[PDB]
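Heavy-atom basis, side chains included; hydrogens, waters and symmetry copies ignored. Reminder, nothing fancy here: chain letters follow the sequence lines and each chain counts from 1.
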Amino acid sequence: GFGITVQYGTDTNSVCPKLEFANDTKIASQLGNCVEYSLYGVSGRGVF
Amino acid sequence: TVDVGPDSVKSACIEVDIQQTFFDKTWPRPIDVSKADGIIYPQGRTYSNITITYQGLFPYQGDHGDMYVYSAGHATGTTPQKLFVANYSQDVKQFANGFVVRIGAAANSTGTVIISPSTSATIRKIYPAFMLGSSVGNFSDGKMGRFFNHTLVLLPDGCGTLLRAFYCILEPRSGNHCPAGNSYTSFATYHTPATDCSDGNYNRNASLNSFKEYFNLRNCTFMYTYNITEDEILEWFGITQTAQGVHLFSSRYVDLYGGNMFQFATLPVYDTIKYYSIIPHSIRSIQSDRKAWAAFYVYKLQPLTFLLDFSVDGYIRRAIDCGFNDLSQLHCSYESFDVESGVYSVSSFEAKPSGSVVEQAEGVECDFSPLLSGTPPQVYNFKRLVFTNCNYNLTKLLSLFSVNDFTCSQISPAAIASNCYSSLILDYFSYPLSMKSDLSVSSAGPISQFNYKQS
Amino acid sequence: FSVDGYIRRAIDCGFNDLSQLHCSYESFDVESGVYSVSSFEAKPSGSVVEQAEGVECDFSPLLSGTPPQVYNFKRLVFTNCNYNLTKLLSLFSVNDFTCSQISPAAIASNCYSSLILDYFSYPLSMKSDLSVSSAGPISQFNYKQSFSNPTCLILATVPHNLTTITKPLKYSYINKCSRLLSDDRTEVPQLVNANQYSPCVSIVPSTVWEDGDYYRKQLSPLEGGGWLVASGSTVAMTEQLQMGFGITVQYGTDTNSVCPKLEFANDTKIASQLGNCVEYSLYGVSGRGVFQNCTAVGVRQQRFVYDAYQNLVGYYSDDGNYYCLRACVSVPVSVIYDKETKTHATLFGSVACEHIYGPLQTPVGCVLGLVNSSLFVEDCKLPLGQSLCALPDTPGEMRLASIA
Amino acid sequence: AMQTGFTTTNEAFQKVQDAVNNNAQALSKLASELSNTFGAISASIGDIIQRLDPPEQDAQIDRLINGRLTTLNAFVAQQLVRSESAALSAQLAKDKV
Amino acid sequence: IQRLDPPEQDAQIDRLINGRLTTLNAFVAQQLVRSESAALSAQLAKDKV
Amino acid sequence: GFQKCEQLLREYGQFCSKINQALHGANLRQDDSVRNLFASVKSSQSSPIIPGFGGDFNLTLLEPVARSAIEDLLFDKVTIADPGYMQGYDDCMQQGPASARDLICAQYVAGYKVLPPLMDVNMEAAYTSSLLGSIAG
Amino acid sequence: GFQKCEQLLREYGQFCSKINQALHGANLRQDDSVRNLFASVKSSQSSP
Ligand SMILES: *[C@@H]1O[C@H](CO)[C@@H](O[C@@H]2O[C@H](CO)[C@@H](O[C@@H]3O[C@H](CO[C@H]4O[C@H](CO)[C@@H](O)[C@H](O)[C@@H]4O[C@H]4O[C@H](CO)[C@@H](O)[C@H](O)[C@@H]4O)[C@@H](O)[C@H](O[C@H]4O[C@H](CO)[C@@H](O)[C@H](O)[C@@H]4O[C@H]4O[C@H](CO)[C@@H](O)[C@H](O)[C@@H]4O)[C@@H]3O)[C@H](O)[C@H]2NC(C)=O)[C@H](O)[C@H]1NC(C)=O
Ligand SMILES: *[C@@H]1O[C@H](CO)[C@@H](O[C@@H]2O[C@H](CO)[C@@H](O[C@@H]3O[C@H](CO[C@H]4O[C@H](CO)[C@@H](O)[C@H](O)[C@@H]4O[C@H]4O[C@H](CO)[C@@H](O)[C@H](O)[C@@H]4O)[C@@H](O)[C@H](O[C@H]4O[C@H](CO)[C@@H](O)[C@H](O)[C@@H]4O[C@H]4O[C@H](CO)[C@@H](O)[C@H](O)[C@@H]4O)[C@@H]3O)[C@H](O)[C@H]2NC(C)=O)[C@H](O)[C@H]1NC(C)=O
Ligand SMILES: *[C@@H]1O[C@H](CO)[C@@H](O[C@@H]2O[C@H](CO)[C@@H](O[C@@H]3O[C@H](CO[C@H]4O[C@H](CO)[C@@H](O)[C@H](O)[C@@H]4O)[C@@H](O)[C@H](O[C@H]4O[C@H](CO)[C@@H](O)[C@H](O)[C@@H]4O)[C@@H]3O)[C@H](O)[C@H]2NC(C)=O)[C@H](O)[C@H]1NC(C)=O
Ligand SMILES: *[C@@H]1O[C@H](CO)[C@@H](O[C@@H]2O[C@H](CO)[C@@H](O[C@@H]3O[C@H](CO[C@H]4O[C@H](CO)[C@@H](O)[C@H](O)[C@@H]4O)[C@@H](O)[C@H](O[C@H]4O[C@H](CO)[C@@H](O)[C@H](O)[C@@H]4O)[C@@H]3O)[C@H](O)[C@H]2NC(C)=O)[C@H](O)[C@H]1NC(C)=O
Ligand SMILES: *[C@@H]1O[C@H](CO)[C@@H](O[C@@H]2O[C@H](CO)[C@@H](O[C@@H]3O[C@H](CO)[C@@H](O)[C@H](O[C@H]4O[C@H](CO)[C@@H](O)[C@H](O)[C@@H]4O)[C@@H]3O)[C@H](O)[C@H]2NC(C)=O)[C@H](O)[C@H]1NC(C)=O
Ligand SMILES: *[C@@H]1O[C@H](CO)[C@@H](O[C@@H]2O[C@H](CO)[C@@H](O[C@@H]3O[C@H](CO)[C@@H](O)[C@H](O)[C@@H]3O)[C@H](O)[C@H]2NC(C)=O)[C@H](O)[C@H]1NC(C)=O
Ligand SMILES: CC(=O)N[C@H]1[C@H]([C@H](O)[C@H](O)CO)O[C@@](O[C@@H]2[C@@H](O)[C@H](O)O[C@H](CO)[C@@H]2O)(C(=O)O)C[C@@H]1O
Ligand SMILES: Nc1nc(=O)c2nc(CNc3ccc(C(=O)N[C@@H](CCC(=O)O)C(=O)O)cc3)cnc2[nH]1
Ligand SMILES: *[C@@H]1O[C@H](CO)[C@@H](O[C@@H]2O[C@H](CO)[C@@H](O)[C@H](O)[C@H]2NC(C)=O)[C@H](O)[C@H]1NC(C)=O
Ligand SMILES: *[C@@H]1O[C@H](CO)[C@@H](O[C@@H]2O[C@H](CO)[C@@H](O)[C@H](O)[C@H]2NC(C)=O)[C@H](O)[C@H]1NC(C)=O
Ligand SMILES: *[C@@H]1O[C@H](CO)[C@@H](O[C@@H]2O[C@H](CO)[C@@H](O)[C@H](O)[C@H]2NC(C)=O)[C@H](O)[C@H]1NC(C)=O
Ligand SMILES: *[C@@H]1O[C@H](CO)[C@@H](O[C@@H]2O[C@H](CO)[C@@H](O)[C@H](O)[C@H]2NC(C)=O)[C@H](O)[C@H]1NC(C)=O
Ligand SMILES: *[C@@H]1O[C@H](CO)[C@@H](O)[C@H](O)[C@H]1NC(C)=O
Ligand SMILES: *[C@@H]1O[C@H](CO)[C@@H](O)[C@H](O)[C@H]1NC(C)=O
Ligand SMILES: *[C@@H]1O[C@H](CO)[C@@H](O)[C@H](O)[C@H]1NC(C)=O
Ligand SMILES: *[C@@H]1O[C@H](CO)[C@@H](O)[C@H](O)[C@H]1NC(C)=O
Ligand SMILES: *[C@@H]1O[C@H](CO)[C@@H](O)[C@H](O)[C@H]1NC(C)=O
Ligand SMILES: *[C@@H]1O[C@H](CO)[C@@H](O)[C@H](O)[C@H]1NC(C)=O
């Protein structure tokens, strides 16, 4: 048996599937724009 | 499977001349929701003399849609020659939620013979032909428009007297000008009025037979026909797909003069239609008898809320697209076409994302190695691996075992393998499968009471 | 309850309107006044039923040839027919029959817009992989039931003498289905949607040859480019074929014409009960009301006419007539009570006495318990409305007095 | 000049119509809210009973109850607000007479 | 939406809806109470002027 | 009328008793408000209204026709649904609803009732008519 | 802006229409209150 328990917000949500990153998903390259974001599991929409 | 008649025995297809310039016309007929264009009637019920909002699949107010026009082929006097078409077979569109079609809007107007711009003729209604399916790609020479596996074909025939719907595999023929042969451009259907549209006996297979020159029909699961009484009346056609199959809508069997669409058929097509195209059609008229054929317009559907005005007789004659503009939102909020003068607040104009930003921990894999080495503990001595600041992959672990039962609670299956977590805690132990149920939350047996319990 | 706990006095709160009043204040003594109480309910005097009656829904396809694998499930859609699940269930040894968002009794007895039956070969050893909570390969890549419509899942074994159903060589399934994007770095799992087929169905053969077979298709630009890939897996075949049957039912996209068959009495017709309050069940639509013969409105083909509050207000019957449907209407009740005399009268506001000394018709409704007095008051304690007043006889009956 | 004054430009006249419209709105809450499902499978109790067994049937009926209890509480709260307002207004009318 | 499937996702969204509908009803009820009060007060101001 | 629902409704306490009592009090409030208001409009002494009341001052607009002419016009110009105080129950069955969203016929369907006012029209007219005749004196 | 939520919101009836209409009326009430109040403060004749 394998039990899996997951927690969602005691720390940065740093346990993630691996992701290949594009350089158009950086924050610095999209300042002033409305973007969707996912930052270490934290998500929503906004302007950086 | 269904017998759909014999294969074509011709060694070659009729040559098709594609000259899109001639079909690049501007004859706009956008959806006018105030005139109830493009509306499919609420399906399980009717209403009388009321104005209500309704949620359903509707075209957008102001949508121009995609115009398609069929033409006469090439001729020399009394001997028709080459077919003349637009680049339609290669123009494959995403199906999404389906579409509605405005058919014969220009009928009775003086129009143009597309093949001969200086020649005018009275415009006649012509029905659209469609090819729909799950997967698309190219033909032998690299041109697009090939559909794979079963393809739904809606092919009007009998010079506009029947709609033939079939779901079959289309096997490109290899003859001259055919899709698997030499000198291929586009497949097209055609009929030859001179022999196919006699005043009495119309050839009910004229378009089917031309279709068959380009493709062999294989593993057909059905072929249905619907009758059409001839007229020059503007009509609407629509197609949608649900778990029950493909639904064909039309205004002509219920609201002929009004235009509201009602379902007339459901087809047993269960794979998802993702793509569609217009099958170009060319009429092999003699040079001296070319007609102008009405353009048809295809508009896409989406789940919109409309304000629908139901007359005493139940037809929808007027409507508001509640998301078109702010004025429309106002009418919908009061469920009326007439609201009092004033200044009103309406939904804000939303800012929409222009992109996305992502940051994730990227680095070390989370290490499930301990798990794989030595004798696992008993259930009361389970071992715990706590993963933080790492990249996880459950497949990497699951793929090493023959999984008998994998279930999740308070998280979806898709989510367990794709979300980010503060931590992932893995508790592993030896456990007989015969005691599977003793690990259930509802269990009152020894495992859940004294050995191991999940959060 | 007395101090010693015994019950010495009680009110039956449904006996009459006066009793309802005492109960609503939880007291045996309430102040004088005119009070609204529960209406006098109209009750059904019978019932009307209309159902599609005709062709049986045909489960024959199901019984002939080799059933498909779970990712190639076949679908039978039943509309406008009489269903009988026993007829199908009785042909198989059912191992597990469960329902979700519909009761067991209901699955076999309600009318539906449609019934969709999805059948396939399926090992019983993988039973749990069809659970909603499952994160295994069947629920992720092969077959998933609707979360929106009520569903049932039947797992059953084909009997040795049901010789019309043949067996595949092995059971098989997709254990992987994903897309490789044009960059060939990112792989995206392609999960199956409820009631749909996996995108990998076109690359996976009807039977997986052997466990571990890998399939790939090059996608065109219109498909987003990249590759669609999948892996198959197998389960050894059992002595008797095990099959799954998913059932999905919809309740209101059309006339609910998929019904159990019903033997009809001719006393359940609408025409024979016009003007009465009846229970009705019309092609799965039900409630209580009064049918009336009236002028047709709405679209005939749509059968059921609704108002602006979504009530059913009319119906086109299979007997050719259009009926208006009115709610069974309750009869308003107000109790006129005088505490000092311990007397009362009942006002049925807005009601003509034809529906109820005998009853007295007044400007505010029909009143029982009052006697018309042609007397005037200024000092009215029990106003009835308009310029009417109940005046106790003091005990006798209350008088109906006019306010001067 | 006032005989023809009960029109669109007469503010006092619209207030009369608005008092009337407010009574209608109060009743429309009860007439229109019974068609809501409040997350339930149906606005009809009879449909819930006919389709579901008690452990789920209960939850669905309960959604309808919560929605209807809420509606009635809102209705009553407004009848109390409106009757308080009308009573104050009645005393103003008394003073003006 | 990101964490749950429809049968549970629905229940969770619905809790947020109920809470927000409640909040808006409370807000509106108070704007009506406050606007009624201010209107009476405005007539007092009228009389004082 | 569904018993299962009623059984569950009971677990919310005496909900309906509260609804009924709150409205009963709210309704008594108008009968008391009306009674008090009219008691105060009421004249002690008044002159009769006769045609010609007003002398050179044209008051025919206000003279009873009985409501006055302006009073009837005021009512005729306001769109008011007829509550059917005497027999609305039947009107809604033999004729049915007047239009979409008919809130008077909804009463017998939805479970609510519109109650009649404390004074009939002729009595209210009598109060304002006697008031008119009292003004000069 | 979430479509799933909006889909569930619809099952609560025309909730938002009620919110908007109630506030619209409440807001008109102040414009009418203000207009009436100032109409009465307004002088016919006044010295500079
Ligand atoms: C999470 O964790 C899971 C599990 O660890 C990860 O999933 C694995 O992902 C890898 C890819 O990164 C994937 O490998 C692929 O396997 C297929 C299958 O081939 C096998 O069968 C064929 C049959 O013809 C054999 O020829 C082949 O050698 C393999 O045989 C295996 O089994 C036999 C025993 O039966 C052994 O003897 C063998 O040694 C072997 O183990 C391969 O076809 C695929 O190859 C393609 O990619 C590689 C990349 O290195 C490339 O070099 C190849 O040329 C080829 O690429 C070309 O084709 C692709 C289209 O398919 C195209 O896109 C390219 O551009 C090229 O044209 C590769 O090796 C493995 O199977 C997955 N396992 C599971 C269980 O899912 C998952 O990725 C992890 N997630 C994250 C985010 O990291
Ligand atoms: C939904 O779908 C389901 C499944 O299709 C339907 O349910 C079926 O309904 C039919 C009735 O319509 C029902 O048939 C009845 O079967 C019994 C059982 O008898 C068997 O055993 C006895 C043992 O003594 C045998 O003698 C008899 O021949 C039967 O044997 C069967 O099996 C053997 C092998 O073991 C075979 O060799 C046989 O050929 C046979 O298959 C019968 O007793 C019953 O008979 C009564 O009704 C018939 C009507 O035609 C009548 O002719 C008989 O004389 C007798 O009627 C008298 O008695 C009844 C009281 O019982 C009384 O009311 C009458 O007035 C008479 O006095 C009949 O044949 C079948 O078993 C059901 N199957 C299942 C799985 O449930 C269901 O109805 C469908 N729903 C809807 C709405 O349509
Ligand atoms: C190209 O040209 C053709 C004709 O040359 C047009 O076809 C005509 O279209 C009009 C409008 O759609 C049709 O008029 C409708 O006829 C209906 C029935 O007509 C039949 O029955 C009546 C008796 O009930 C007969 O008198 C009549 O001759 C027919 O036998 C009527 O019921 C319709 O009235 C309904 O709609 C109107 C509003 O449009 C309402 O005011 C009415 O109250 C009622 O609801 C209407 O009169 C006409 O009949 C069609 N001709 C033919 C031969 O059928 C094409 O539309 C035109 N094409 C384009 C694209 O413009
Ligand atoms: C949905 O639609 C798609 C597209 O049409 C189908 O995919 C096609 O599938 C067929 C076969 O299923 C592929 O055609 C050929 O399959 C051969 C398989 O080899 C075995 O079977 C043959 C049968 O005669 C035996 O002779 C042979 O010995 C094996 O036993 C391949 O060998 C063929 O290869 C040829 O072309 C390739 C091209 O690169 C050459 O390299 C080879 O040398 C050889 O010339 C060929 O593949 C067909 O190609 C697939 N098409 C595409 C576009 O991928 C799906 O199957 C269908 N899905 C469903 C579920 O029906
Ligand atoms: C024009 O298009 C129509 C499509 O609408 C197409 O109709 C098809 O005609 C064929 C016959 O030509 C039908 O097939 C027959 O159906 C009957 C049904 O009972 C069968 O009994 C026949 O079986 C006999 O003939 C077979 C011939 O091979 C034998 O193999 C068999 O053993 C029997 O002897 C046969 O299946 C077919 O069903 C219809 N299809 C549809 C969808 O209606 C028509 O043929 C086209 N015409 C031309 C000239 O192309
Ligand atoms: C006192 O005032 C009233 C009105 O407030 C005067 O009575 C009005 O007299 C006019 C005559 O110009 C009537 O006009 C008529 O209207 C009808 C409407 O259909 C029309 O058909 C006639 O041709 C004419 O235009 C008006 O109706 C009438 N109004 C009433 C309420 O009677 C009255 O005469 C004044 N008295 C004195 C002494 O001046
Ligand atoms: C799409 C296209 O190329 N259209 C041509 C058209 C066709 O080639 C022709 O109609 C085939 O039947 O021909 C056009 O020119 C015509 C001459 O070729 C013909 O000799 O006489 C016609 C008038 O009688 C006309 O001059 C045409 O019909 O306009 C040219 C057009 O681009
Ligand atoms: N073979 C053939 N088929 C046709 O359908 C056809 N149609 C026309 C005419 N088509 C049209 C269509 C729309 C307008 C039109 O009046 N459009 C408006 C704008 C409408 C809007 O955008 O709201 C305009 O003022 O141009 C004119 C001609 C001419 N020849 C034809 N020839
Ligand atoms: C369809 O509805 C309209 C309402 O929009 C009805 O017109 C009303 O009819 C009544 C009849 O007494 C009049 O009092 C109203 O003043 C009319 N209103 C309008 C806006 O005209 C119309 O009669 C209905 N049609 C049918 C057949 O019922
Ligand atoms: C088929 O022809 C159509 C119409 O000429 C092409 O669509 C046009 O493509 C150009 C490319 O720059 C756009 O500027 C036009 O606006 C498009 N027209 C419309 C109406 O959208 C289409 O791409 C051609 N398709 C193929 C496969 O050749
Ligand atoms: C389409 O139908 C045919 C016949 O019904 C299927 O069976 C193949 O038919 C060809 C005819 O030349 C034979 O050579 C093959 O050997 C047959 N295969 C089998 C397995 O019997 C064919 O499989 C069907 N295709 C689809 C996609 O369903
Ligand atoms: C669709 O139209 C066709 C053609 O009118 C109908 O087929 C005809 O049916 C009659 C019935 O007596 C036969 O005499 C003709 O010989 C048939 N014609 C042909 C070409 O076969 C067909 O039945 C109609 N379909 C429907 C559903 O009504
Ligand atoms: C951004 O991505 C492109 C993709 O090829 C890469 O060539 C480029 O060097 C990247 N830029 C940086 C700063 O890494
Ligand atoms: C699509 O085109 C490529 C080259 O253009 C050719 O290799 C490939 O086989 C074509 N696909 C089909 C299905 O013929
Ligand atoms: C199949 O039919 C035969 C006929 O004699 C019977 O003996 C046998 O027991 C039947 N088997 C089953 C599984 O019912
Ligand atoms: C009504 O049912 C009875 C039952 O026996 C039957 O005799 C009578 O003929 C039926 N009437 C009609 C009109 O079918
Ligand atoms: C209903 O009324 C129409 C005419 O008003 C009439 O001809 C028809 O027979 C009536 N139907 C019934 C069931 O009474
Ligand atoms: C009571 O009797 C008198 C007879 O003078 C009659 O005029 C009056 O209308 C009656 N009242 C009622 C309610 O019947």
For [X] and [Y], which I'm curious about, is there any donor-acceptor pair between the side chains at under 3.5 Å?
X         : Y         : result
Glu335(B) : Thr53(B)  : yes
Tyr309(C) : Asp102(F) : no
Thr346(C) : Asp17(C)  : yes
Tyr47(B)  : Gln310(C) : yes
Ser45(C)  : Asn276(C) : no
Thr46(B)  : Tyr316(C) : no
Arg82(D)  : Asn23(D)  : yes
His344(C) : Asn16(C)  : no
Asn21(D)  : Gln17(D)  : yes
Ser317(C) : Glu50(C)  : yes

Can you tell whether the side chains of [X] and [Y] come within less than 4.0 Å, N to carboxylate O?
X         : Y         : answer
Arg303(C) : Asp318(C) : yes
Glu279(C) : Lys43(C)  : no
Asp255(B) : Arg317(B) : yes

Exercise. Honestly, is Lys269(C) close enough over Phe264(C), meaning NZ or CZ under 6.0 Å from the six-membered ring centre and within 45° of the axis?
Worked result: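 Yes, a cation-pi geometry holds between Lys269(C) and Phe264(C).
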
Exercise. Above 12 or not: heavy atoms from other molecules or residues under 6.0 Å from NZ of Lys4(F)?
Worked result: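 Result for NZ/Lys4(F): enclosed.
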
